[PDB]
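In structure tokens, the next block holds one chain alone, the form deposited in one PDB entry.
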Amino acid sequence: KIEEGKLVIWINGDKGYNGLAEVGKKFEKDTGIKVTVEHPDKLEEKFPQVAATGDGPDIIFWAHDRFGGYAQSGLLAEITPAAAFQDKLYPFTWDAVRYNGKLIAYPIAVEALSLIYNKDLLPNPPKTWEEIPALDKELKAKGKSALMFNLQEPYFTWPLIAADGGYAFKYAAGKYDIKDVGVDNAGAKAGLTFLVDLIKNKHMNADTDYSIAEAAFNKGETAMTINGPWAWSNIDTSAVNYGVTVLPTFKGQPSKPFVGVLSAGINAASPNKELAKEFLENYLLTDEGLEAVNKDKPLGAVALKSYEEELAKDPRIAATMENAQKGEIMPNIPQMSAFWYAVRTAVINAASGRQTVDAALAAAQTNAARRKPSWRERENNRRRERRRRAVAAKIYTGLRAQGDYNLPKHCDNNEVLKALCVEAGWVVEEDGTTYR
């Protein structure tokens, strides 16, 4: 729970949380406010469960796509930076964090997936997904593999699903059609089918996750991985000479990654809303602030103009933004959570062979549009069945007390029902078959 005078921050465990803790420390020495940074597991899921009751951190860091739902639920404090501060950031990073006309978080950095490759094993990375199988057969003879990346999170597979035409929610007339899903069209199918065939032909393992892929690449066992800018520092500490480049094409079309905007939202339940703005605006979103974080784990293309003109000169950032130009900014609508869950189930289920690609994506389609039942809807159902049982119970209480039926000492209401049937001229067999 939040309490006046201190600041607690939640950020994902793959971001530079020590670097950010360094920013809170300098914030503590200047103002005397202690700042604790924490990287709990599944924080994008825990926050909406505890913020409702008033708990959660002061600030929550995540990509912009989850913030619309948070705001829809009233969990986020409206952000109102002065004009002078708004002009410090690229306008399009502000667009990413505006929901229903209001700013619901501070944008931090732009993230896109790129192809990361081992220049020593692979001086010339492939330009196409199609040549990866042959490349893997060649490397497998030397004890290596072509490509490993996280298959448990649809974020990493979506660039390939969207290459040939797959899309989450169609954008038309200036809006997102919560009810036009493109996870089951020919383009999406072709992409997921190629990925599953990679597994069938034993070029990838269905159970490969984030840490397995990162280990294999950082140890030099795989020639390529797909990851974001946060991964670079761990490769830097390794003996691998890597390059960051454009993702491969599929059927001649570019891979289209979903582009994330790492953002910091303020808990509407927080008693330190002003202290959090002072920290975010005048400590984190500064050259020295982002630098301290970026030096920990690279941020990507930061939203702060003054510091991005520097980072934009890193060829790895230029490749990140090359991939981001071919991708799309993720929607922030509340249904993005349902989209991500459904597509996650589809990828995992087709990769494992539990479902065909057709069946997996067919179900993902309906799931990604499925509306979550409201609290009142659940309560209507719960009360109806309560009522249904209470009415029956009172009828059988009456039959038992006044029926004077020949019932055993202990018997269920089916037996009472039977004695009521017999009384009313009915015959009831052992299995319930009933007639006059």
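Rigid core here is just the name for the largest C-alpha set that superposes within 1.5 Å across the two forms. Residue positions are given as counts along the sequence shown, with the first one as 1.
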query	finding
Of 85-93 and 148-156, the one with larger mean CA B-factor	85-93
Average Cα temperature factor in the PDB entry - higher stretch of 401-409, 374-382	401-409
Deposited CA B-factor, highest of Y117, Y307, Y167, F194	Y307
Highest-ranked of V259, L311, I199, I108 once sorted by CA temperature factor in the record	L311
Ranked C-alpha temperature factor of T80 among modelled chain residues, by third	highest
Record-listed C-alpha B factor of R66: chain third	lowest
CA B-factor ranking of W129, expressed as a third of its chain	lowest
For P229, the third of its chain into which the C-alpha B factor falls	lowest
Record-listed C-alpha B factor of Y242: chain third	middle
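Although not depicted, the form deposited in another entry is the subject of the following passage.
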{"property": "Mobile residue between the shown form and the other one, C-alpha criterion 2 Å or more, rigid core, from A223, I108, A360, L192", "result": "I108"}
{"property": "Pair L89/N323, Cα separation in the other form versus the displayed form, closer or farther by 3 angstroms or more", "result": "closer"}
{"property": "Change in CA distance between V183 and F47 in the other form, which is 3 Å or more, as closer or farther", "result": "farther"}
